[PDB]
Every structure is written in C-alpha cells, then in structure tokens.
Amino acid sequence: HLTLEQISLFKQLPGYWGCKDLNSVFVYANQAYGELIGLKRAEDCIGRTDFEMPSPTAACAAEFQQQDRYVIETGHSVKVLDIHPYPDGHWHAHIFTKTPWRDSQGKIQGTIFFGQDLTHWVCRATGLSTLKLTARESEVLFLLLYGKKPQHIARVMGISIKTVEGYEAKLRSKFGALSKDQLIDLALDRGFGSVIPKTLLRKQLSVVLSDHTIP
Amino acid sequence: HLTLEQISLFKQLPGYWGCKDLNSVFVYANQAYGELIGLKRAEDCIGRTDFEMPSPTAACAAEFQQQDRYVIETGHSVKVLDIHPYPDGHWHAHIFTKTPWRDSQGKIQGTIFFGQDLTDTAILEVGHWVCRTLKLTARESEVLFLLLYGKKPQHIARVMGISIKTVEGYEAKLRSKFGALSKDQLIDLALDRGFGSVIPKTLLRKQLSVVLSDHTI
Ligand SMILES: Cc1c[nH]c(=O)c(C)n1
Ligand SMILES: Cc1c[nH]c(=O)c(C)n1
C-alpha cells in the first residue's frame, strides 16, 4: 500500500499521461492531460474515447486508435509525434510514448500513454568537421529521416504520393545524393535529425517516429 | 487514495523515476529504476541516498545532489545527460529531468526525477544529435563538449581518465584550431558555429552527469 506522500508523486509526476482499455476508452488521465484536452476535471475523460474529448485532437482520433491497436496486437512500444491545435487556442507539439497496459497475470488490457512537451557540423570517421531547403522540402526530409515511407508522408502532409517523390528528388539533388539511402546518411551526419521544421509545428498530424537506442 | 486501476498504472508508467526529500533521501522509486540501479525490490531504495545504491553511479552522487539542491533552491527544472556503468555490467545513457516536489501547501519538499533511455526521439527532445576545413579529433571534441557545459579541467580529466596537463594540451589545440585567444572566446566561437547541439559519440562510454538545459516554469 502506498502512503499519501508517495501518492503525491502520482499526482505530480510531470507529463501528460494516463491509460485506456482495449477499445481505447479512457480509464485514467492525469490532471495535466485533462487540462490540455480542454477539461476542468480530468475525471471527465474516464469512459470516453478520443473522438469525444472537446478538443481538435479528436480529429486525429482514428490515428490514435490505430496506434493503440498496434501496441496491443504486437506488444511493442511506439513513439508518436503529435502536433495539434488545442482548446487553449495554441498549437502544441509532443512526443507521446505508448506502451501496453498489463493486468496482474501479465496479459494486455489496454495501453498507457505518456506525453512530453517539445520545448553546419559534419560527422567524420573519428570526430566531426567544419544548400537552402524549401519549407515543403524540409518537412519531407524530417519525416524521411525518422523512417517514414512516401505513402506515409503523403498522408501526413495531405499531398499525393507523386508529389512526395517530387520533393524527395529535389532533396536528393540538393544534398548531391545518388539514392534515398545516401540522402538519409548525409542529412543525419549534418544534424538534420535534431530539428523539427517550424512549418511542421502548424500542421496537424499524428505519426509514429522510428526510434532506436543510442548506440 | 487510489483505485486498483490507478495503482496498476502507477506501477507500469514508463521511464525510470521517483522522488527524493530535501536531503535527496529517496522516498519512492519505480520498479524500472530499482532494477536499473541494482535493487530488484525497489522499496529497498527508500531511505537511501545516491551514495548508498549498489551501483557505480554512486561515484557521481555528489553531482546528483548538487543538481537536486539547484532544483530545490531555484524552483527550476533541469535536464541532465547521464552516462554511467550499471550493475548489469553495461554502460547506459539517459536524460534525467529533475522537477521540484511540493507539499500540500505548495512549498518544495524535495525533487522528482524522471529518466529516459537515450534514444533518437529522446535526443530530439533536448535538441542534440550523436554521430552514430576545421577538423576535431575524438578527444578534442570530448574536451570541447565538457568545456561548453561548464566542466573544469580536473573534472574533464576524471571523465577522460587522464591528467590535467593532458587536458590543458587538448584545450590549447582547440584554441588554435578555432583561432580563439582564450577559453571564453573558444566557447563563444564553438557555440557560434553550432557545436551546442553535438554530443560526441565516444562520450557514451565515459562516466558523466552533465546539465544540458535549465528551465523556468
Ligand atoms: C493528444 C493525444 C495524442 N494521442 C493520444 O492517444 C492521446 C491519448 N492524446
Ligand atoms: C542514475 C541516476 C542519475 N541521476 C539521479 O539523480 C538519479 C536519482 N539516478
């Protein structure tokens, strides 16, 4: 049994978090998440789905559920880049971690979500050492660097697949790469993975980002 | 008071986290942090300090406690890059965020700590990247990085397992390579060139606790 002292940690652990059941119906949300999502008491999340929150995030409720079902059917954990206008009238950006929620004998009974606010050197063989992209180009590049395929990028940005190939070709040539693989390596070796394009921060989207341990 | 579902969620939330009192005595640690730190029964953390965990991390316990005291005294949140050997026999890198812990009436009674495994998305959150004509060697980039984040020469020596004189050597090699005339101008030029977002890849197997950012809330 937990002391009240330890329960205050439960109440004050920073971030935007909670859990849903197998139908992605909310079971708990901490106060920070409830306020974010437009509610004065986070208890009003319980029993509702992502479609039913008074918040523009509900326009991506179908993406949230597909994410949730992936964690549930596979047991893998995912990292989601979430960028949305919110009931407070501001755009926010988060990485939401999603992991399976397990019961007392270990079986998956839902998902846990945990969100955090998102607030010219070259790599050499050993060490480091020492081109102007379009808004559209830098958006396509950022998504390609995190493992997203062209049909993924077409959906996120709301353009045709052929158009993503258009921007991919410019990038490949702007970096002087002879293939998409070389484009990725060259861009990574120049710090392109560590910056979110500022125009991407005003495009509503929910996309899983490929994630790897370092090293 | 908590329901069975809220207790279950509390026990499965990701990360390696817990809280400490005003003297950084542990009051709670989740299972993930217990296991990482060598205490498979995580309530064994309670009432210990960082000096008393069964873990090579304790060599940096004085630095952990200086970070905790900063959060307590200022009310700021800090993010720390933490690289250490661990009782499982491996090196682990993490970002640890430290937040004031407050009582029923709002005053600070300690700190909350929350660690993430160093991953692609995790470094993105802190705006740094890792490498998988002005040229820097492996050891020079390590020195330069530790210089950018406030480490004194004797601290740098400890991280790199060498002597201060050796460290002075690399520091002068960087001052002439950047054309800077002092350590001040060297930090300024390297920052001006965007070295403030690089973590040299060879630091992932050297022991260090380094504050990356400090935030008002
Ligand atoms: C804002 C947000 C994104 N994805 C989610 O699943 C949840 C619960 N909230
Ligand atoms: C491993 C580790 C790093 N820094 C800390 O303060 C804590 C609580 N643990």
Side-chain angles (χ1 to χ4, degrees), chain A residues 16-20 24-30 32-34 36-38 45 48-51 53 55-69 71 78-87 92-98 110-117 204-208, chain B residues 16-20 24-30 32-34 36-38 45 48-51 53 55-71 78-87 92-98 110-116 207-211:
Chain A
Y16 308 86
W17 51 265
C19 60
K20 319 161 192 183
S24 299
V25 164
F26 274 61
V27 172
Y28 181 82
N30 78 331
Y33 180 88
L36 177 63
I37 220 63
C45 295
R48 292 155 74 161
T49 72
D50 293 292
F51 293 94
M53 310 303 313
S55 174
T57 51
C60 297
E63 286 98 300
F64 304 162
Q65 292 185 339
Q66 162 175 338
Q67 298 162 0
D68 296 358
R69 291 305 301 176
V71 173
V78 301
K79 302 286 204 182
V80 185
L81 170 58
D82 270 298
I83 295 168
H84 312 261
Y86 279 83
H92 307 228
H94 302 77
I95 305 290
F96 273 87
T97 308
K98 292 183 166 182
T111 59
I112 298 179
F113 58 91
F114 205 115
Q116 302 285 17
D117 290 309
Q204 173 163 45
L205 59 87
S206 178
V207 66
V208 171
Chain B
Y16 317 84
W17 49 263
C19 58
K20 314 177 209 172
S24 290
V25 175
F26 281 58
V27 171
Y28 188 88
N30 78 327
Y33 183 92
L36 171 67
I37 215 68
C45 289
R48 286 183 196 200
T49 68
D50 294 295
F51 294 93
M53 299 300 164
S55 178
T57 50
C60 295
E63 284 194 345
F64 300 168
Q65 285 183 358
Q66 202 267 0
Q67 303 159 2
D68 301 352
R69 289 189 300 272
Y70 182 79
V71 167
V78 294
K79 289 193 175 201
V80 190
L81 167 61
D82 269 307
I83 310 170
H84 309 275
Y86 281 94
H92 300 298
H94 292 97
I95 305 284
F96 273 92
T97 302
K98 294 173 170 196
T111 66
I112 295 167
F113 65 86
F114 181 90
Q116 313 172 243
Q207 177 160 25
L208 50 86
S209 193
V210 168
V211 171

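Just so you know, ligand 1 is whichever comes first in the structure, and atom 1 is the first atom listed for that ligand. Lettering of chains follows the sequences in order, A, B, ..., and the numbering in each one begins at 1.
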field: Polar side-chain atom of A:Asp82 near backbone of A:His94 as donor-acceptor pair, under 3.5 Å
entry: no
Name each N or O atom in ligand 1 that is under 3.5 Å from a protein N or O, and give the partner atom and the distance.
unit_1: ligand 1; atom_1: 6 (O); unit_2: A:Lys20; atom_2: NZ; d: 2.9
unit_1: ligand 1; atom_1: 6 (O); unit_2: A:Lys98; atom_2: NZ; d: 3.0
unit_1: ligand 1; atom_1: 9 (N); unit_2: A:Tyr33; atom_2: OH; d: 2.8

- line: Residue pairs passing the salt bridge (charged side-chain N to carboxylate O under 4.0 Å, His left out) test with at least one member in residues 58-67 of chain A, sequence neighbours excluded, are none
- prompt: Sequence neighbours excluded, which residues qualify as side chain to side chain contact (heavy atoms under 4.5 Å, CB included) partners of A:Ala58?
  reply: none
message: The criterion is side-chain hydrogen bond (donor to acceptor under 3.5 Å, both in side chains); which residues satisfy it with A:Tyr28, sequence neighbours excluded?
response: none
query: Are the side chain of B:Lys98 and the backbone N or O of B:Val80 linked by a donor-acceptor pair below 3.5 Å?
result: no
message: As an exercise, state the distance from SG of A:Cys45 to CG of A:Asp50, rounded to the nearest 0.5 Å.
response: 9.5 Å
